[PDB]
Amino acid sequence: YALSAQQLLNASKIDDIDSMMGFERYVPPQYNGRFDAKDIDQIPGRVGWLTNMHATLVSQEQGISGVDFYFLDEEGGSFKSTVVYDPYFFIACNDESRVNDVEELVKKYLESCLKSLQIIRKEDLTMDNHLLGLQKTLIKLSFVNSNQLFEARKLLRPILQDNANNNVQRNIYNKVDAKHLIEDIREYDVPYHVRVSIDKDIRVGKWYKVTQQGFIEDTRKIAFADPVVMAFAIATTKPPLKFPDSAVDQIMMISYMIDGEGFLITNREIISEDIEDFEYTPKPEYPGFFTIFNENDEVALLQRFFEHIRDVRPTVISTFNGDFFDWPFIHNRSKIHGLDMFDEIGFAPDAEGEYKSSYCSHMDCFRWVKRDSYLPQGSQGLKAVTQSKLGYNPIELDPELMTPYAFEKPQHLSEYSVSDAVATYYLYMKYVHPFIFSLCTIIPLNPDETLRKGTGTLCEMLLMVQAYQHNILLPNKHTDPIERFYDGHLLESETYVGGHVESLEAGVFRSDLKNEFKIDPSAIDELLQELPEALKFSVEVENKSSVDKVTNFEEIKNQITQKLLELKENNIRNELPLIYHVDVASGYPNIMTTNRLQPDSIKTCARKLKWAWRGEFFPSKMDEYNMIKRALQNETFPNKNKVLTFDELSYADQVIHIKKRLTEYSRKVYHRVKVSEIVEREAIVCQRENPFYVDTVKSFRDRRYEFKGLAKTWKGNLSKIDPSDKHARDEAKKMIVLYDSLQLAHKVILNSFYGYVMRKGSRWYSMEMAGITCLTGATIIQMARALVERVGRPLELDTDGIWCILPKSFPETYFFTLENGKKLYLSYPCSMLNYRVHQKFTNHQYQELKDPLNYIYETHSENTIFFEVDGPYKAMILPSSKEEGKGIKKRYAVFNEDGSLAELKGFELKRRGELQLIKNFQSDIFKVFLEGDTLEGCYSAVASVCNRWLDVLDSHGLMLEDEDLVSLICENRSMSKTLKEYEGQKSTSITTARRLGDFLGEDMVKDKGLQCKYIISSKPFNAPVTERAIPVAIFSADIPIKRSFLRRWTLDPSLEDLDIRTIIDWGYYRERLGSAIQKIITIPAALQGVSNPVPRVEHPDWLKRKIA
DNA sequence: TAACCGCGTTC
DNA sequence: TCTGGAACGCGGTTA
Ligand SMILES: Nc1ccn([C@H]2C[C@H](O)[C@@H](COP(=O)(O)OP(=O)(O)OP(=O)(O)O)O2)c(=O)n1
Ligand SMILES: [Ca+2]
């Protein structure tokens, strides 16, 4: 209909644009010989590196469905080739002996849109006897295009919903109709291009030969082709204190880089003078020679950008958040200027509002930064990312100086624009491009989708490929019920008990300051009894060798035994510690694969595993619940298109009202509004189920292990280089960052296999399997702690890792020597626990198909759960709570032996936003715990820094320049949603957002993600802090505006002193600094037996009493 | 006091 | 239409 025409027309537009960019549709010659990959060089065709793919319509050259594929050929050119393929989904039946009856129904019922029918079989993991070869019979419906596939779904849903409802009433005194035989539709929601990419085993990033028969992968060709890559960034005018408006604000410059060649177009109507060619090579490996394009006016600028793009023909354009700032600005500045960007460069927004093209992938690096970098949110800006992954500081410029510096210091502003471009091209080439394009080789998505789709969706794609290739029927996307009940109470949420976290000790621990250890002598007895087989376990399992080939096994056994035996005779010791960290490698994935954990396996073929369920429900019983429902049934409610009734509403809106009224009732009759209960649960895990899910996790884990191991290889290569070989250590350090980043980008995707069984809309949902994963790790990590606390002092614990200190005389690291001369590394702290993990947690019931033809299985033991050890570290600093007895989890600082920071967890320094005074305070303070000869001398050095920070606040800031003051006292906080979505809520961010609007206009709060830079006033006295919160920007406006809003915000019309120094609630920030000093310095010092080093910060009353 | 929320962390 | 999980710290309101 009118949908077809729009789609056929779009295909014609896209076809013309592709040809302008060098993608003419290529048809390979004919061949009547056998189609075999071995004979690839003789089958006529064209070879090309696959760079993109998109669904389209074809007109015998109604529309025909197909997928365009974009190639770069070996002769420096490009072409595209199309594959047609009939879209299809399946109809399931509830009586396989009458499948033809249903077949003859839908042939006539779907005669308007059906192209062909077929009876096919697939394996159904929910079917009885499916592990014996019994398959489910289905009707495969096929169509000419996707719109016809959707037309059939619209005709098939009435049948499915009518069968779910009961039958009509005819003769009350009384072979079923074939319409009732339709059980369900299946695989109806697979995106078409994912369907073609899976069924035809085509992947972006591989080499193919487009022949008449099909696509032949050329395994001979190895390395990727080199696409023409461009990355650009723009700079716009901006009213002071406000945001750029693509309506009124013009753009001044566009800076970009094409394969290393730098460019910068300028808008002379805004920037004052012509800019000469200049260079920005921030580090030697980032060459940046920039040729300038000075143009009269904005149109002239935009056509250079469009003409240059048209001439170099980029197949990848990279930006940094250019999907929601840059591209929409260029578009609107092209609309006002009468330029159609789509006819110019083939770029346009899509359904999600992101800007895309047919021939060119848009690589928004911010998506990679946000999803795969593993960097914190505070470190996700371009400057922080450039500092972390590129190893240099890019040029800075306060955005309020950008519009003026187009006039005053243009060249200064030309160096900032090129900086953003240099950092973006090399961020893409070094990190984003290799990662995403490699991922495309195994994921049936094009580059644009591999970069932006959620990691759970990426997992589902990987799993569907396995499911299809093993002829397993795809389950339909899971749907959660609108209401669930527990014990007669309406549930508000349910979950499983997740990871185990423990705060066990606080204070400073350093390798030069002795500690007191109490060694359980029975513990040493157990280690001595397990020592012979633990060392064998290290040889044969941990290093995949044989004790027959090690030549110092007895020496090592004796040295460890001697060290252990002395520790037993002296169980009370005051020694230097060893600050060690043990962590299970890929904990949850390895827990899953060890126990054959997968959603379809939750049902000696049965392994019972326990998990913990936690529910949150209303205190109201049924008898009450029904009462509030019938109350709302008698009420009127507004329409949404002039008044409706409860039952005339939707089910969703119904329970929305029920929940609100249920909360109110319980808050009165019960006072409590939500009750939480935990119940232990068991689940059967079949050990014989088709392991397509488990095997997918095992493969992707092994994929990550590759890069994780290379990061450890090169960490050792760098430790072997002499400090004088400067060029060698830089290459080694660059390898370390590259592989550490690659293994980290694989980490989120990996652990998303564990999270996917709880994702909304998941095809393989199982709360039980996730709950079992969490409880098992909780058992292992506590088993490990139970041993550490008997031999040393565990400090902190989270999920699968333990930080601890061990006596200096505890057996540490050893090196088996093989007859080959090669050595094997052994760390006894790790091997003692790994022998226990493999004594108590191995799955002895793991099963695999031996003979698949006769369906014979074998049973073996499996366990891939290993602690890895890092250390020994120079220092660890763990903070303590302000409340008595409580600890602080997920926060500490760790230092390497050479004095550099190893880890910094949780603290405000790294968190996004937060109070700059506390941020800057933490930066200066942690490195100071390294000073001092004794523990008491250590705390004194930190107190010196403390009292300097207390001095600036006690002096009401009089010691800082007013520029350093506006930065130290400000606190930034982001707003996830728009301010209108926070109605009925008070906070400092909301107040700042409201006042920013009453002063700079509602056009500021128009967009979510607003940063609220505020300072708290002492002005409304004894008033809630959420009200005394002023936008920092007010101290930067003209004086009348400042006083009006100030006096109003202070409730003091007698206010003429508009100096920020007088408005600040110094006592508030003095108390904030106090809580920081208490938790990092003084209160941990008390738990370590050192009197308050910072007496100006008084101890809590409970601490002063315990001191006595 | 304890429940409770928003944000951004550690797993 | 998209869309991995739970545990936790902290400032701040609220019952
Ligand atoms: N983003 C994350 C981080 C962690 N986890 C869960 C699953 C992990 O198995 C477990 C432990 O977290 P780690 O940081 O130890 O991650 P891994 O054990 O997977 O990796 P590593 O080998 O680096 O320890 O926490 C998760 O689900 N999602
Ligand atoms: Ca781990």
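By convention in this document, chain letters (A, B, ...) are assigned in the order of the sequence lines, proteins followed by strands, and residues within each chain are numbered from 1. Every heavy atom of this structure was used, including side-chain atoms; hydrogens, water molecules and symmetry mates were not.
The side chain of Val1025(A) approaches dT13(C) more closely than any other nucleotide in the set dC8(C), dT13(C), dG9(C). Distance from the side chain of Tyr496(A) is smallest for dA6(C) among the nucleotides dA6(C), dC2(C), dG4(C). For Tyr754(A), the side-chain atoms get nearest to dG4(C) when compared with the rest of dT3(C), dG4(C), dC10(C). Residue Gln985(A) has its side chain nearest to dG6(B) when only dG6(B), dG12(C), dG9(C) are considered. Side-chain atoms of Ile888(A) lie closest to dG9(C) of the nucleotides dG9(C), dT3(C), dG12(C). For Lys760(A), whose side chain is taken as the heavy atoms from C-beta onward, the closest listed nucleotide among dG5(C), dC4(B), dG4(C) is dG5(C).
At the heavy-atom level, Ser762(A) lies nowhere under 4.0 Å from the strands shown. Contacts of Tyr765(A) with the nucleic acid, taken as non-hydrogen atoms under 4.0 Å apart, are absent. Across all strands shown, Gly755(A) has heavy atoms under 4.0 Å from base atoms, whether or not it also approaches the sugar-phosphate. Contacts of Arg371(A) with the nucleic acid, taken as non-hydrogen atoms under 4.0 Å apart, are absent. Residue contacts for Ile781(A): at a heavy-atom cut-off of 4.0 Å it reaches no nucleic acid atom on any strand shown.
Contact annotation: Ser987(A) side-chain N/O to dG12(C) OP1/OP2 distance is not under 4.0 Å. Here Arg759(A) does not reach the OP1 or OP2 of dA6(C): none of its side-chain N or O atoms lies under 4.0 Å away. Within the structure, every side-chain polar atom (N or O) of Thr773(A) is placed at least 4.0 Å from both OP1 and OP2 of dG5(C). In terms of phosphate contacts, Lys986(A) brings no side-chain nitrogen or oxygen within less than 4.0 Å of OP1 or OP2 of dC5(B).
For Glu449(A), the salt bridge (charged side-chain N to carboxylate O under 4.0 Å, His left out) criterion is met by no residue, not counting sequence neighbours. Residues passing the salt bridge (charged side-chain N to carboxylate O under 4.0 Å, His left out) test with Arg785(A), sequence neighbours excluded: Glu502(A), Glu789(A). For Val584(A), the side-chain contact (heavy atoms from CB on, under 4.5 Å) criterion is met by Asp800(A), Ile865(A), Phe867(A), not counting sequence neighbours. Residues satisfying the salt bridge (charged side-chain N to carboxylate O under 4.0 Å, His left out) criterion with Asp189(A), sequence neighbours excluded, are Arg763(A). Not counting sequence neighbours, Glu677(A) has no partner by the salt bridge (charged side-chain N to carboxylate O under 4.0 Å, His left out) test.
In terms of position along DNA chain C, the nucleotide closest to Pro191(A) lies nearer the 5' end than the nucleotide closest to the other residue of the pair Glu502(A) and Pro191(A).
Nucleotide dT13(C) carries a south sugar; the sign of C1'-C2'-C3'-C4' is negative. At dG11(C) the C1'-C2'-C3'-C4' dihedral is negative, so the sugar adopts a south, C2'-endo-type conformation.
Annotation: cation-pi pair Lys674(A)/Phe617(A) absent, no NZ/CZ under 6.0 Å from the ring centroid and within 45° of its normal.
Whole-Å rounding puts the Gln1078(A) CD to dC10(C) P distance at 12 Å. Protein atom CG of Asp798(A) is 18 Å distant from nucleotide atom P of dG5(C), rounded to whole Å. Rounded to whole angstrom, the span from the CD1 atom of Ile749(A) across to the P atom of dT3(C) amounts to 13 Å. Rounded to an integer number of Å, the gap from CZ of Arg763(A) to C1' of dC2(C) is 14 Å. If you measure from atom CD1 of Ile990(A) to atom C1' of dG12(C), you get 11 Å, rounded to the nearest angstrom. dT1(C) atom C1' lies 12 Å from atom CD of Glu354(A), rounded to whole Å. Following rounding to the nearest Å, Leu458(A) (CG) and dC2(C) (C1') show an atom-to-atom distance of 13 Å. In this structure, CZ of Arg672(A) is placed 11 Å from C1' of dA3(B), rounded to the nearest angstrom.
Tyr754(A) has its ring centre less than 6.0 Å from the ring centre of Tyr588(A).
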* Please test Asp1065(A) against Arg1028(A) for salt bridge (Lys or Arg N to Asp or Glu O under 4.0 Å), starting from the C-alpha separation and ending with a verdict. => CA-CA 9 Å; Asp1065(A) 190 357; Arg1028(A) 310 134 37 190; 2.6 Å; yes
* Intermediate values then yes/no, ring pair (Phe, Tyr, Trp, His ring centres under 6.0 Å), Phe907(A) and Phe926(A) -> CA-CA 11 Å; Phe907(A) 284 111; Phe926(A) 283 126; 4.7 Å; yes
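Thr1026(A) contributes no side-chain N or O that forms a donor-acceptor pair with the base of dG12(C) under 3.5 Å.
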Which pairs, protein N/O on one side and nucleotides 7-9 of chain B N/O on the other, fall under 3.5 Å?
{"from": "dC7(B)", "atom 1": "OP1", "to": "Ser976(A)", "atom 2": "N", "distance (Å)": "3.1"}
{"from": "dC7(B)", "atom 1": "OP1", "to": "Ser976(A)", "atom 2": "OG", "distance (Å)": "3.2"}
{"from": "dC7(B)", "atom 1": "OP1", "to": "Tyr982(A)", "atom 2": "OH", "distance (Å)": "2.5"}
{"from": "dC7(B)", "atom 1": "OP2", "to": "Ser976(A)", "atom 2": "OG", "distance (Å)": "3.0"}
{"from": "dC7(B)", "atom 1": "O2", "to": "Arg911(A)", "atom 2": "NH2", "distance (Å)": "3.3"}
{"from": "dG8(B)", "atom 1": "OP1", "to": "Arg912(A)", "atom 2": "NE", "distance (Å)": "2.8"}
{"from": "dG8(B)", "atom 1": "OP1", "to": "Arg912(A)", "atom 2": "NH2", "distance (Å)": "3.0"}
{"from": "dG8(B)", "atom 1": "OP2", "to": "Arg912(A)", "atom 2": "NH2", "distance (Å)": "2.9"}
{"from": "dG8(B)", "atom 1": "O4'", "to": "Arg911(A)", "atom 2": "NH2", "distance (Å)": "3.0"}
{"from": "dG8(B)", "atom 1": "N3", "to": "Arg911(A)", "atom 2": "NH1", "distance (Å)": "3.2"}
{"from": "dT9(B)", "atom 1": "OP1", "to": "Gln377(A)", "atom 2": "N", "distance (Å)": "3.2"}
{"from": "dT9(B)", "atom 1": "OP1", "to": "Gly378(A)", "atom 2": "N", "distance (Å)": "2.8"}
{"from": "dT9(B)", "atom 1": "OP1", "to": "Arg912(A)", "atom 2": "N", "distance (Å)": "2.9"}
{"from": "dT9(B)", "atom 1": "OP2", "to": "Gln377(A)", "atom 2": "N", "distance (Å)": "3.0"}

